[PDB]
>>> print(open('query_24.txt').read())   # compact mmCIF, C-alpha atoms and all ligand atoms
# COMPACT_ATOMS: atom_id res chain seq x y z
CA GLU A 1 92.20 81.85 119.72
CA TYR A 2 91.20 83.47 116.33
CA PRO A 3 87.40 83.45 116.10
CA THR A 4 85.74 81.40 113.43
CA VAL A 5 82.42 81.60 111.76
CA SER A 6 80.83 79.18 114.27
CA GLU A 7 82.04 81.22 117.30
CA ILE A 8 80.50 84.54 116.29
CA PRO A 9 76.73 85.04 116.32
CA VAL A 10 75.51 87.27 113.46
CA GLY A 11 75.25 90.71 114.97
CA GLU A 12 78.24 90.35 117.31
CA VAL A 13 81.74 91.67 116.57
CA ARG A 14 84.94 90.27 118.04
CA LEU A 15 88.37 91.89 118.07
CA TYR A 16 91.69 90.11 117.85
CA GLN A 17 94.99 91.79 118.66
CA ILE A 18 97.54 90.97 115.95
CA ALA A 19 100.41 93.19 117.10
CA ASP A 20 100.98 96.29 119.19
CA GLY A 21 98.41 98.77 117.91
CA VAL A 22 96.92 96.43 115.27
CA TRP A 23 93.69 94.48 115.63
CA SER A 24 91.42 92.66 113.29
CA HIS A 25 87.67 92.93 113.62
CA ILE A 26 85.58 89.83 112.89
CA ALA A 27 81.86 89.66 112.21
CA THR A 28 79.48 87.32 110.41
CA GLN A 29 76.69 87.73 107.92
CA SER A 30 74.09 85.63 106.16
CA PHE A 31 74.62 85.55 102.40
CA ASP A 32 73.35 83.28 99.64
CA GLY A 33 71.92 80.95 102.29
CA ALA A 34 75.18 80.43 104.17
CA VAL A 35 76.93 82.23 107.03
CA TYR A 36 80.31 83.79 106.32
CA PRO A 37 82.82 85.56 108.59
CA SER A 38 84.48 88.77 107.47
CA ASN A 39 87.55 90.63 108.68
CA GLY A 40 88.65 94.21 108.79
CA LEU A 41 91.50 96.03 110.53
CA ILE A 42 91.95 98.61 113.30
CA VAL A 43 95.27 100.47 113.50
CA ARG A 44 96.31 102.81 116.27
CA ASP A 45 97.04 106.33 114.91
CA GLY A 46 98.56 108.15 117.86
CA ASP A 47 95.69 108.71 120.30
CA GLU A 48 93.09 107.87 117.62
CA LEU A 49 92.16 104.81 115.58
CA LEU A 50 92.08 104.18 111.84
CA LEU A 51 89.46 101.65 110.76
CA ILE A 52 89.86 99.50 107.66
CA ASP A 53 86.48 98.29 106.34
CA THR A 54 83.06 98.10 107.92
CA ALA A 55 81.73 95.00 109.68
CA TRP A 56 79.40 94.09 106.78
CA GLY A 57 76.15 95.84 107.59
CA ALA A 58 74.71 98.61 109.71
CA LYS A 59 73.91 96.50 112.80
CA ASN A 60 77.30 94.82 112.72
CA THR A 61 79.08 98.15 112.27
CA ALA A 62 77.30 99.71 115.23
CA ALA A 63 78.38 96.68 117.27
CA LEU A 64 81.92 97.20 115.95
CA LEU A 65 82.02 100.78 117.25
CA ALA A 66 80.71 99.69 120.64
CA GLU A 67 83.26 96.88 120.92
CA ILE A 68 86.10 99.26 120.02
CA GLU A 69 85.03 101.66 122.75
CA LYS A 70 84.69 98.87 125.30
CA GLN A 71 87.96 97.08 124.55
CA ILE A 72 90.28 99.81 123.21
CA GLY A 73 88.80 103.13 124.31
CA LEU A 74 90.29 105.36 121.61
CA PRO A 75 88.12 107.20 119.07
CA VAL A 76 87.75 106.00 115.52
CA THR A 77 88.42 109.13 113.51
CA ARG A 78 88.92 107.80 109.97
CA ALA A 79 87.89 104.72 108.02
CA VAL A 80 89.02 103.37 104.65
CA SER A 81 86.91 100.95 102.58
CA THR A 82 89.04 98.71 100.41
CA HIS A 83 86.44 98.07 97.66
CA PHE A 84 82.82 98.87 96.87
CA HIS A 85 81.01 95.72 98.04
CA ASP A 86 78.81 95.56 101.13
CA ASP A 87 81.35 93.66 103.29
CA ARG A 88 83.54 96.77 102.98
CA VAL A 89 81.12 99.73 102.72
CA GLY A 90 77.95 98.32 104.31
CA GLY A 91 77.79 100.37 107.52
CA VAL A 92 79.50 103.49 106.15
CA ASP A 93 76.35 105.45 107.03
CA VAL A 94 76.67 104.26 110.67
CA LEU A 95 80.31 105.35 110.71
CA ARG A 96 79.44 108.76 109.24
CA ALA A 97 76.62 109.27 111.73
CA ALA A 98 79.15 108.51 114.51
CA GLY A 99 81.54 111.23 113.31
CA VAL A 100 84.02 108.98 111.51
CA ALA A 101 85.53 110.47 108.35
CA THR A 102 85.03 107.78 105.69
CA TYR A 103 87.38 107.35 102.72
CA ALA A 104 87.69 105.31 99.54
CA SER A 105 89.31 105.73 96.17
CA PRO A 106 87.39 107.57 93.45
CA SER A 107 86.97 104.25 91.65
CA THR A 108 85.44 102.62 94.72
CA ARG A 109 83.13 105.57 95.32
CA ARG A 110 81.86 105.45 91.74
CA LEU A 111 81.35 101.68 91.76
CA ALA A 112 79.50 101.93 95.06
CA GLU A 113 77.18 104.55 93.56
CA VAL A 114 76.52 102.41 90.46
CA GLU A 115 75.82 99.33 92.59
CA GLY A 116 73.61 101.18 95.05
CA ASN A 117 75.92 100.65 98.01
CA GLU A 118 76.89 103.19 100.65
CA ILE A 119 79.41 105.78 99.50
CA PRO A 120 82.38 106.91 101.61
CA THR A 121 82.63 110.69 101.90
CA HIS A 122 86.28 111.38 101.12
CA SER A 123 88.35 110.45 98.11
CA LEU A 124 91.77 108.86 98.32
CA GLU A 125 94.06 110.25 95.66
CA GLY A 126 97.15 108.62 94.21
CA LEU A 127 95.74 105.11 93.80
CA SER A 128 94.39 105.11 90.24
CA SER A 129 97.18 103.08 88.61
CA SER A 130 98.33 99.54 89.33
CA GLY A 131 101.33 99.58 91.61
CA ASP A 132 100.47 102.93 93.23
CA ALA A 133 100.99 103.24 96.97
CA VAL A 134 100.19 106.11 99.32
CA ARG A 135 100.76 106.61 103.04
CA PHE A 136 97.56 107.24 105.02
CA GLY A 137 98.27 107.75 108.69
CA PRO A 138 99.92 104.63 110.10
CA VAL A 139 99.29 102.47 107.03
CA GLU A 140 100.28 102.27 103.38
CA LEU A 141 97.44 101.81 100.90
CA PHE A 142 98.36 99.89 97.76
CA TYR A 143 96.41 99.40 94.56
CA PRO A 144 97.79 96.12 93.15
CA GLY A 145 95.58 96.10 90.06
CA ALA A 146 92.28 94.39 89.44
CA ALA A 147 91.67 91.13 91.30
CA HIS A 148 88.60 90.32 93.38
CA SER A 149 87.27 93.64 92.09
CA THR A 150 88.74 96.24 89.77
CA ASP A 151 89.08 98.77 92.63
CA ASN A 152 90.42 96.53 95.39
CA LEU A 153 93.06 98.02 97.72
CA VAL A 154 95.35 96.27 100.14
CA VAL A 155 96.71 97.79 103.34
CA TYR A 156 100.16 97.40 104.90
CA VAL A 157 101.03 98.40 108.47
CA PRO A 158 104.80 99.13 108.37
CA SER A 159 105.33 99.25 112.13
CA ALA A 160 103.81 95.77 112.64
CA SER A 161 104.60 94.06 109.30
CA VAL A 162 100.87 93.29 108.87
CA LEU A 163 99.46 92.96 105.34
CA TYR A 164 95.66 93.16 105.06
CA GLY A 165 94.53 91.79 101.73
CA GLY A 166 90.80 92.24 101.89
CA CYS A 167 88.81 90.10 99.51
CA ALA A 168 91.73 89.85 97.07
CA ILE A 169 93.43 87.35 99.43
CA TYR A 170 91.81 84.07 100.47
CA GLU A 171 92.23 82.16 103.71
CA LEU A 172 93.85 78.73 103.40
CA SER A 173 90.61 76.86 104.17
CA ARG A 174 89.00 78.41 101.08
CA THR A 175 90.00 76.06 98.28
CA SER A 176 87.42 77.23 95.74
CA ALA A 177 86.69 80.72 94.54
CA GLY A 178 84.36 83.09 96.38
CA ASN A 179 82.27 85.79 94.76
CA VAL A 180 83.98 86.51 91.45
CA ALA A 181 81.12 88.26 89.65
CA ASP A 182 83.05 91.54 89.66
CA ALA A 183 86.51 90.01 89.53
CA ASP A 184 89.19 90.27 86.88
CA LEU A 185 90.22 86.62 87.00
CA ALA A 186 92.83 87.15 84.30
CA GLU A 187 94.63 89.93 86.14
CA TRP A 188 94.25 88.57 89.67
CA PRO A 189 97.47 86.50 89.65
CA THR A 190 99.46 89.45 88.32
CA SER A 191 97.99 91.72 90.99
CA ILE A 192 99.01 89.21 93.65
CA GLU A 193 102.51 89.18 92.15
CA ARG A 194 102.60 92.95 92.64
CA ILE A 195 101.66 92.52 96.31
CA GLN A 196 104.38 89.90 96.75
CA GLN A 197 106.99 92.12 95.10
CA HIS A 198 105.97 95.22 97.09
CA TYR A 199 105.46 93.65 100.56
CA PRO A 200 107.90 90.70 100.76
CA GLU A 201 108.58 91.59 104.40
CA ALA A 202 105.01 91.01 105.59
CA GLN A 203 104.82 88.64 108.55
CA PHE A 204 101.06 88.45 109.11
CA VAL A 205 98.60 88.37 106.22
CA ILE A 206 94.91 88.93 106.91
CA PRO A 207 92.40 87.76 104.28
CA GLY A 208 89.06 89.42 103.76
CA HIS A 209 87.37 86.34 105.25
CA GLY A 210 88.76 83.78 107.66
CA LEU A 211 91.95 82.92 109.44
CA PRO A 212 95.15 84.96 109.17
CA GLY A 213 98.36 83.38 108.04
CA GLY A 214 101.68 84.30 106.51
CA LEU A 215 102.74 85.23 103.00
CA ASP A 216 101.77 81.72 101.91
CA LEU A 217 98.19 83.01 101.65
CA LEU A 218 99.26 84.90 98.50
CA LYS A 219 100.40 81.84 96.55
CA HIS A 220 97.42 79.92 97.91
CA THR A 221 95.07 82.57 96.51
CA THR A 222 96.75 82.48 93.09
CA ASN A 223 96.44 78.69 93.05
CA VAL A 224 92.71 78.86 93.83
CA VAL A 225 92.01 81.66 91.34
CA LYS A 226 93.90 79.85 88.58
CA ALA A 227 92.04 76.61 89.30
CA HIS A 228 88.72 78.44 89.02
CA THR A 229 89.79 80.05 85.74
CA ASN A 230 90.52 76.59 84.30
CA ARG A 231 87.32 74.93 85.58
CL CL B 1 84.15 113.80 107.27
CL CL B 2 87.53 115.12 108.06
MG MG B 3 90.91 105.63 91.79
NA NA B 4 77.83 94.12 97.35
ZN ZN B 5 83.85 92.07 97.19
ZN ZN B 6 85.89 114.90 106.62
ZN ZN B 7 84.43 89.58 100.60
>>> encode(input="query_24.txt", output="structure tokens")
Amino acid sequence: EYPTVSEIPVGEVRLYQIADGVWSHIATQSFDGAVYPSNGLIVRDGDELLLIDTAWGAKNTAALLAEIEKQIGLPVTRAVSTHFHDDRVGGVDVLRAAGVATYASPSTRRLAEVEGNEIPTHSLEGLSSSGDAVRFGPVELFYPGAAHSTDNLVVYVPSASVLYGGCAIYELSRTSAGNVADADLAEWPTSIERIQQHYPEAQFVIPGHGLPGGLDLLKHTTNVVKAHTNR
């Protein structure tokens, strides 16, 4: 039932329930002359919701908020962006206008400002060194080291054993690298090793784009990154 790129018109947002109190959000966007899906996460936080990542653009993110109200009916009170690119922060202004408290690490906020992307309001402390983890409501935020970007965070939901990798983890159907312009290709395998060592109990793994899977997505991503490094 997990929605794919061909089953989501650009501008629409679909939700998928992964576990009790954990959903992914799926949207699509035109980029480089193709259409790509993108995932984020929604995690129940008592009687509120924590959002992980925008829906890749202002229009998509407004649709995301509407779909959350229609399907779930709890308020989104906080959001975390897992790196500085537009598929993670594009729509932060919509969230802020809607009363959501937006968060990112200091490194993400700075990179967003340099790039000209939207800047989350609040800073997340305790994530400046590889291997750092902090609890943030019902999730753990982990900085594995540089990978897809130098600032990329991953998110673990302890109660549901859900690991959200963002753009640092590839879906299985992606067998060649994605956007690596800002990547640290040399460190990416080591950063994945840190994720594996820190979250070996994860049951569901959600990539930044495409279908969820298990922990096999981690080794798959290393294989693809290494192949790109050698090409
Ligand atoms: Cl705020
Ligand atoms: Cl606040
Ligand atoms: Mg930082
Ligand atoms: Na970008
Ligand atoms: Zn990115
Ligand atoms: Zn605030
Ligand atoms: Zn991406």
>>> closest_atom_pairs(input="query_24.txt", of="segment 112-189 of chain A", to="segment 204-214 of chain A", cutoff="7 Å", atoms="all atoms listed in the file", output="JSON lines")
{"residue": "A:161", "atom": "CA", "partner": "A:204", "partner_atom": "CA", "distance": 6.6}
{"residue": "A:162", "atom": "CA", "partner": "A:204", "partner_atom": "CA", "distance": 4.8}
{"residue": "A:163", "atom": "CA", "partner": "A:205", "partner_atom": "CA", "distance": 4.8}
{"residue": "A:164", "atom": "CA", "partner": "A:206", "partner_atom": "CA", "distance": 4.7}
{"residue": "A:165", "atom": "CA", "partner": "A:207", "partner_atom": "CA", "distance": 5.2}
{"residue": "A:166", "atom": "CA", "partner": "A:208", "partner_atom": "CA", "distance": 3.8}
{"residue": "A:167", "atom": "CA", "partner": "A:208", "partner_atom": "CA", "distance": 4.3}
{"residue": "A:169", "atom": "CA", "partner": "A:207", "partner_atom": "CA", "distance": 5.0}
{"residue": "A:170", "atom": "CA", "partner": "A:207", "partner_atom": "CA", "distance": 5.3}
{"residue": "A:171", "atom": "CA", "partner": "A:210", "partner_atom": "CA", "distance": 5.5}
>>> atom_distance(input="query_24.txt", atom1="atom CA of residue 34 of chain A", atom2="atom CA of residue 150 of chain A")
25.3 Å
>>> closest_residue(input="query_24.txt", among="A:153, A:101, A:127, A:72", to="residue 84 of chain A", atoms="only C-alpha atoms")
A:153
>>> atom_distance(input="query_24.txt", atom1="atom CA of residue 21 of chain A", atom2="atom CA of residue 73 of chain A")
12.3 Å
>>> residues_near_ligand(input="query_24.txt", ligand="ligand CL 2 (chain B)", cutoff="10 Å", atoms="only C-alpha atoms and all ligand atoms", output="compact mmCIF listing (two decimals) with C-alpha atoms, keeping the file's coordinate frame")
# COMPACT_ATOMS: atom_id res chain seq x y z
CA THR A 77 88.42 109.13 113.51
CA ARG A 78 88.92 107.80 109.97
CA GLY A 99 81.54 111.23 113.31
CA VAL A 100 84.02 108.98 111.51
CA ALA A 101 85.53 110.47 108.35
CA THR A 102 85.03 107.78 105.69
CA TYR A 103 87.38 107.35 102.72
CA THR A 121 82.63 110.69 101.90
CA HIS A 122 86.28 111.38 101.12
>>> residues_near_point(input="query_24.txt", point="(86.2, 90.7, 110.9)", cutoff="12 Å", atoms="only C-alpha atoms", output="PyMOL selection string")
chain A and resi 2-5+8+10-17+23-29+36-42+51-57+60-61+63-64+87-88+164+166-167+206-212
>>> decode(input="query_24.txt", residues="segment 138-163 of chain A", atoms="N, CA and C atoms", output="compact mmCIF listing (two decimals), in the first residue's frame")
# COMPACT_ATOMS: atom_id res chain seq x y z
N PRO A 138 9.45 12.45 21.65
CA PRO A 138 9.36 10.99 21.52
C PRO A 138 10.38 10.37 20.58
N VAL A 139 11.37 11.12 20.13
CA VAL A 139 12.40 10.59 19.25
C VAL A 139 13.78 10.84 19.84
N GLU A 140 14.75 10.12 19.30
CA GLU A 140 16.17 10.41 19.49
C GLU A 140 16.70 10.96 18.17
N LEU A 141 17.43 12.06 18.24
CA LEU A 141 18.11 12.64 17.10
C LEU A 141 19.57 12.23 17.19
N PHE A 142 20.13 11.79 16.07
CA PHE A 142 21.49 11.27 16.03
C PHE A 142 22.23 11.95 14.89
N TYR A 143 23.42 12.45 15.19
CA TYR A 143 24.30 12.97 14.16
C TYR A 143 25.34 11.90 13.87
N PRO A 144 25.25 11.18 12.75
CA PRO A 144 26.15 10.06 12.48
C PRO A 144 27.49 10.48 11.90
N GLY A 145 27.67 11.76 11.60
CA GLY A 145 28.77 12.23 10.80
C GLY A 145 28.32 12.60 9.40
N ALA A 146 29.23 13.19 8.65
CA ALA A 146 28.88 13.65 7.32
C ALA A 146 28.55 12.47 6.42
N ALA A 147 27.59 12.67 5.52
CA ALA A 147 27.17 11.63 4.59
C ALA A 147 26.59 12.30 3.36
N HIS A 148 25.27 12.24 3.20
CA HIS A 148 24.62 12.97 2.12
C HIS A 148 24.90 14.46 2.20
N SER A 149 24.98 15.00 3.41
CA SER A 149 25.42 16.36 3.66
C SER A 149 26.24 16.33 4.95
N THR A 150 26.95 17.42 5.23
CA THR A 150 27.80 17.39 6.42
C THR A 150 26.98 17.49 7.70
N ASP A 151 25.75 18.01 7.61
CA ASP A 151 24.88 18.28 8.75
C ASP A 151 23.80 17.22 8.95
N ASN A 152 23.75 16.19 8.12
CA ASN A 152 22.57 15.33 8.14
C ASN A 152 22.36 14.63 9.48
N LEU A 153 21.11 14.64 9.94
CA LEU A 153 20.68 13.95 11.15
C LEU A 153 19.83 12.75 10.76
N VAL A 154 19.82 11.74 11.61
CA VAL A 154 18.83 10.68 11.51
C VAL A 154 17.99 10.68 12.78
N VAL A 155 16.85 10.02 12.72
CA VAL A 155 15.85 10.10 13.78
C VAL A 155 15.41 8.69 14.11
N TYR A 156 15.45 8.33 15.39
CA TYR A 156 14.98 7.03 15.84
C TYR A 156 13.78 7.22 16.76
N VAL A 157 12.75 6.39 16.57
CA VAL A 157 11.57 6.40 17.43
C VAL A 157 11.65 5.17 18.34
N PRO A 158 12.10 5.32 19.60
CA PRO A 158 12.32 4.12 20.44
C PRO A 158 11.08 3.26 20.63
N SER A 159 9.92 3.88 20.82
CA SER A 159 8.71 3.13 21.15
C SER A 159 8.24 2.25 19.99
N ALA A 160 8.62 2.58 18.75
CA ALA A 160 8.17 1.87 17.56
C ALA A 160 9.30 1.19 16.80
N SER A 161 10.54 1.35 17.24
CA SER A 161 11.70 0.78 16.55
C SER A 161 11.75 1.22 15.09
N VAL A 162 11.47 2.51 14.84
CA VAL A 162 11.48 3.09 13.50
C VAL A 162 12.71 3.99 13.39
N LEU A 163 13.55 3.73 12.39
CA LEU A 163 14.71 4.55 12.08
C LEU A 163 14.42 5.32 10.80
